[PDB]
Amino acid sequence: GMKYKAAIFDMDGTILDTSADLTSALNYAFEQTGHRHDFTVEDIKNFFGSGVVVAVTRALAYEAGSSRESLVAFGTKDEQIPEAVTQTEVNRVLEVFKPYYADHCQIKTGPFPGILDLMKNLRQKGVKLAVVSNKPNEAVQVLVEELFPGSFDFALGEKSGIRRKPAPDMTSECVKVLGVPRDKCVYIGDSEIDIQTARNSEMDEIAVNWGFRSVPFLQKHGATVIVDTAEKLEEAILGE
């Protein structure tokens, strides 16, 4: 048999090392709109995961003095968004950030060590491969085409009018195309949103430690299999 006939990957922090380009683009957008613009890569790892609206909302709150802890619940029913932060301002920053990022998403960005080999090896073992990401779709499509041509059976990022992860909708779009039962799918990602997306899609999940959340964070948030190399991730997907 096969443990999993389909492996569905998040992009940021999982298959692509994106934090530098995200940082540069966020700081550009902030500067262009009159805000502080000295965010670090570590800041960006706390902002992204839940889509660009939540990411900019988090970044604006952080500029306003919010703790890193407080940012986690942004995008959830328990969010405590400071009165300093408005969606109107979020949208004004995004107007610069989205196109800038799209045009600058492949400067420092590449695959993590081992990932190209992983994809080759999994396809050789007959596993279907997909990307489902909260990165805007336009940037997802460019990156897959340039860095992973012919690798994926399906690739989708966030689009207006379709719910972001951890709603099941985007992964259900993937499941439909791949034609694999959910019990033969595994979702692979670096955050709590990936943990939730898997559960909401009635499939198993593997967490990676080379992305935007720490191991103690992932454990706190319900990760059960956590791997720290691409080889170990291959073994997890194959059940070896």
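Numbers follow the displayed sequence, beginning with 1.
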{"item": "Stretch exceeding the other in mean C-alpha B-factor - 220-228, 15-23", "value": "220-228"}
{"item": "Comparing 119-127 with 77-85, the one whose average Cα B-factor in the PDB entry is higher", "value": "77-85"}
{"item": "Of the residues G161, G114, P168, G110, the one carrying the largest Cα B-factor as recorded", "value": "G161"}
{"item": "Record-listed C-alpha B factor of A61: chain third", "value": "lowest"}
{"item": "Third of chain Cα B-factors occupied by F48", "value": "highest"}
{"item": "CA B-factor placement of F30, once the chain's modelled residues are sorted into thirds", "value": "middle"}
{"item": "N91 - Cα temperature factor, lowest/middle/highest third of chain", "value": "middle"}
{"item": "Record-listed C-alpha B factor of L143: chain third", "value": "middle"}
